[PDB]
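Just the one chain here, the form deposited in one PDB entry, laid out as structure tokens.
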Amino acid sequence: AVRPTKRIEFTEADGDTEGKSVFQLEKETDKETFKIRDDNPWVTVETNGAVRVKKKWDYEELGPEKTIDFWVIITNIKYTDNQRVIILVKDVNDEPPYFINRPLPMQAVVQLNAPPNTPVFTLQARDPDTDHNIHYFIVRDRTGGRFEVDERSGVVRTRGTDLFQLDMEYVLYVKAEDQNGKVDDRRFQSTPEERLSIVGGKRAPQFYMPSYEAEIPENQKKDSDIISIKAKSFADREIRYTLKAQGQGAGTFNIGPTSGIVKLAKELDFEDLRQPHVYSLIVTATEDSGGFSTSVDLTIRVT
């Protein structure tokens, strides 16, 4: 038999303390013991009907309904009643913002004679709460006032009429704040401090990941697609992709020079001791509109 469902409201912050009791289910008789029907990540049920925080409540990790929804078995006349409990959980601003810029680290060029207020980069941050209010800031300026960032748009502009120097690195350290989420009476939730690299004139291409990793089983099909690798050109020149092995396994793999897709060019057999269980490869992105080239590591482990 079924008891009236218990429906109740809380902020995720009301569940900010492990083992804190948040409410108790009614007893029908005093002998009654309570057992949760299924282990729950968020709550424990005590034998007397008390409900406690298990893992700290987190609105961001709950599913679409944003509830902790569970059944409880109530044993004792000799009866075994069932009762459902639904805890509606309310969002509080409690998660820090993060940068969504890619690739990382943040990189850019600046033309040698950029007029003042030339837009050079756009900081882009998100924040997990429903209630965010993001502000962008330079925190370390190692450039002598050559750049500023718009507090709201994230746009990074040049200041001053002075020339910029070819192949010189202008470095800024930036961050975003969610000014709807305090840590104290002073400070707000923050991204990490990111280093923004601005080079005068031009610079080599950059990969979308600082290094690449793939794990495949030993029965992987020949010629099948393993992983996709992409580099960006700062002057939108054409990129040609190229691959090579550090030690063991030349020819085991190859890359489409335009797609940047890596395929398995040979059969894998763990019985064949000549074949390593870990491949160290180097992918190279060459600007084949003359000159600039960049490399990255590709590690492929086999199981």
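Only the largest set of C-alpha atoms that superpose within 1.5 Å between the two forms is called the rigid core. Numbering starts at 1 and runs along the sequence shown.
This next part talks about the form deposited in another entry, which is not shown.
Core-aligned CA deviation for residue 256 between the shown form and the other one: less than 2 Å. For residue 229, the Cα coordinates differ by under 2 angstroms between the shown form and the other one after the core has been superposed. Distance between the C-alpha atoms of residue 128 and residue 86: longer by at least 3 Å in the other form than in the displayed form. Relative to this form, residue 101 and residue 63 separate from one another in the other form, with their C-alpha atoms ending up at least 3 Å farther apart.
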